[PDB]
Every structure is written in structure tokens, then in C-alpha cells.
Amino acid sequence: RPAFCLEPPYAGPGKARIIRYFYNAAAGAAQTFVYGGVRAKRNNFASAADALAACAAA
């Protein structure tokens with residue numbers, strides 16, 4: 001899987017309140033986090049399905 005799938009989720013310094021998904025490699029699962037709208041890192045998807053497709057393919 002890509003290395004970014006091993007990244008912790010990054011809320012960043014933004015004040016937005018957006019539900020995003022990251023691949024939690026420790027858990028072997030997609031998980032929700034609160035993204036602030038600025039400076040997203042790569043492990044950051046709109047849906048668990050998108051996070052899983054990138055990181056647990058296939």
C-alpha cells in the first residue's frame with residue numbers, strides 16, 4: 001500500500017468542521033476524523049470506501 005496510508009490523520013490548523021476518513025493501518029480500518037479545511041495530508045478522503053480503495057487494495 002502507499003506510504004501515506006501509514007500516516008496519522010491530520011486535522012491541520014483550519015477552522016473548518018469537515019468529516020473526513022483516514023486509513024488506520026494499526027486497526028486495518030477506515031476511521032473518521034475532523035479536517036479543518038487547510039493543508040490536508042494524503043491520508044484524507046471523503047468516504048471510508050475511498051480510503052479503503054487507496055490503502056487496502058485489491
# chains A, B, ... in the order shown; residues from 1 in each chain; ligands from 1

call {"tool": "select_by_dssp", "arguments": {"residues": "chain A", "states": "strand (DSSP E or B)", "output": "ChimeraX atom specification"}}
result
/A:18-24,29-35,45

call {"tool": "residues_around", "arguments": {"residues": "residue 23 in chain A", "least_positions_apart": "4", "cutoff": "8 Å", "atoms": "only C-alpha atoms", "output": "ChimeraX atom specification"}}
result
/A:5-6,28-31,43,48,51-52,55

call {"tool": "residues_around", "arguments": {"residues": "range 39-41 of chain A", "least_positions_apart": "5", "cutoff": "12 Å", "atoms": "only C-alpha atoms", "output": "list in words"}}
result
residues 3, 4, 5, 6, 7, 8, 9, 10, 11, 12, 13, 14, 15, 16, 18, 20, 21, 22, 33, 34 and 46 of chain A

call {"tool": "write_last_selection", "arguments": {"atoms": "N, CA and C atoms", "output": "PDB file, in the first residue's frame"}}
result
ATOM      1  N   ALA A   3       2.776   4.656   1.140  1.00  0.00           N
ATOM      2  CA  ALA A   3       3.322   5.043   2.438  1.00  0.00           C
ATOM      3  C   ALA A   3       2.401   6.004   3.199  1.00  0.00           C
ATOM      4  N   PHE A   4       1.670   6.853   2.467  1.00  0.00           N
ATOM      5  CA  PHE A   4       0.733   7.808   3.095  1.00  0.00           C
ATOM      6  C   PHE A   4      -0.367   7.133   3.857  1.00  0.00           C
ATOM      7  N   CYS A   5      -0.577   5.853   3.626  1.00  0.00           N
ATOM      8  CA  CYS A   5      -1.588   5.063   4.319  1.00  0.00           C
ATOM      9  C   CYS A   5      -1.131   4.733   5.723  1.00  0.00           C
ATOM     10  N   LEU A   6       0.170   4.884   5.965  1.00  0.00           N
ATOM     11  CA  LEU A   6       0.723   4.715   7.318  1.00  0.00           C
ATOM     12  C   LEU A   6       0.745   6.024   8.119  1.00  0.00           C
ATOM     13  N   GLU A   7       0.292   7.122   7.506  1.00  0.00           N
ATOM     14  CA  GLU A   7       0.204   8.443   8.176  1.00  0.00           C
ATOM     15  C   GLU A   7      -0.961   8.546   9.181  1.00  0.00           C
ATOM     16  N   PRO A   8      -0.696   9.133  10.354  1.00  0.00           N
ATOM     17  CA  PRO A   8      -1.758   9.559  11.295  1.00  0.00           C
ATOM     18  C   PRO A   8      -2.670  10.569  10.600  1.00  0.00           C
ATOM     19  N   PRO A   9      -3.933  10.684  11.025  1.00  0.00           N
ATOM     20  CA  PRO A   9      -4.794  11.680  10.399  1.00  0.00           C
ATOM     21  C   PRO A   9      -4.348  13.116  10.757  1.00  0.00           C
ATOM     22  N   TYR A  10      -4.482  14.037   9.817  1.00  0.00           N
ATOM     23  CA  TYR A  10      -4.015  15.388  10.040  1.00  0.00           C
ATOM     24  C   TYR A  10      -5.169  16.414  10.002  1.00  0.00           C
ATOM     25  N   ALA A  11      -5.669  16.822  11.156  1.00  0.00           N
ATOM     26  CA  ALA A  11      -6.750  17.788  11.173  1.00  0.00           C
ATOM     27  C   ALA A  11      -6.275  19.129  10.577  1.00  0.00           C
ATOM     28  N   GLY A  12      -5.001  19.458  10.832  1.00  0.00           N
ATOM     29  CA  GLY A  12      -4.415  20.732  10.414  1.00  0.00           C
ATOM     30  C   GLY A  12      -4.907  21.969  11.214  1.00  0.00           C
ATOM     31  N   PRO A  13      -4.469  23.170  10.829  1.00  0.00           N
ATOM     32  CA  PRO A  13      -4.802  24.372  11.647  1.00  0.00           C
ATOM     33  C   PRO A  13      -6.058  25.104  11.226  1.00  0.00           C
ATOM     34  N   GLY A  14      -6.841  24.532  10.333  1.00  0.00           N
ATOM     35  CA  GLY A  14      -8.045  25.178   9.828  1.00  0.00           C
ATOM     36  C   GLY A  14      -9.240  25.143  10.774  1.00  0.00           C
ATOM     37  N   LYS A  15     -10.129  26.109  10.623  1.00  0.00           N
ATOM     38  CA  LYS A  15     -11.310  26.110  11.423  1.00  0.00           C
ATOM     39  C   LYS A  15     -12.508  25.416  10.807  1.00  0.00           C
ATOM     40  N   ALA A  16     -12.383  24.879   9.582  1.00  0.00           N
ATOM     41  CA  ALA A  16     -13.491  24.128   9.025  1.00  0.00           C
ATOM     42  C   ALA A  16     -13.807  22.935   9.932  1.00  0.00           C
ATOM     43  N   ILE A  18     -15.061  19.538   8.854  1.00  0.00           N
ATOM     44  CA  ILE A  18     -15.401  18.581   7.823  1.00  0.00           C
ATOM     45  C   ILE A  18     -15.024  17.173   8.290  1.00  0.00           C
ATOM     46  N   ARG A  20     -13.842  13.765   7.535  1.00  0.00           N
ATOM     47  CA  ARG A  20     -13.112  13.014   6.530  1.00  0.00           C
ATOM     48  C   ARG A  20     -12.740  11.639   7.093  1.00  0.00           C
ATOM     49  N   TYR A  21     -12.073  10.848   6.257  1.00  0.00           N
ATOM     50  CA  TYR A  21     -11.712   9.458   6.579  1.00  0.00           C
ATOM     51  C   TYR A  21     -10.261   9.279   6.382  1.00  0.00           C
ATOM     52  N   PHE A  22      -9.644   8.601   7.301  1.00  0.00           N
ATOM     53  CA  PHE A  22      -8.268   8.162   7.029  1.00  0.00           C
ATOM     54  C   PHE A  22      -8.185   6.660   7.142  1.00  0.00           C
ATOM     55  N   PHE A  33     -12.341  11.380  10.958  1.00  0.00           N
ATOM     56  CA  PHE A  33     -11.685  12.442  11.692  1.00  0.00           C
ATOM     57  C   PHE A  33     -12.248  13.793  11.249  1.00  0.00           C
ATOM     58  N   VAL A  34     -11.919  14.819  12.030  1.00  0.00           N
ATOM     59  CA  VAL A  34     -12.368  16.169  11.731  1.00  0.00           C
ATOM     60  C   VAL A  34     -11.247  16.973  11.060  1.00  0.00           C
ATOM     61  N   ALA A  46     -12.976  11.578   1.383  1.00  0.00           N
ATOM     62  CA  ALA A  46     -14.371  11.881   1.657  1.00  0.00           C
ATOM     63  C   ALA A  46     -15.147  10.715   2.251  1.00  0.00           C
TER      64      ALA A  46
END

call {"tool": "select_by_dssp", "arguments": {"residues": "chain A", "states": "alpha helix (DSSP H)", "output": "number ranges by chain"}}
result
A: 48-55
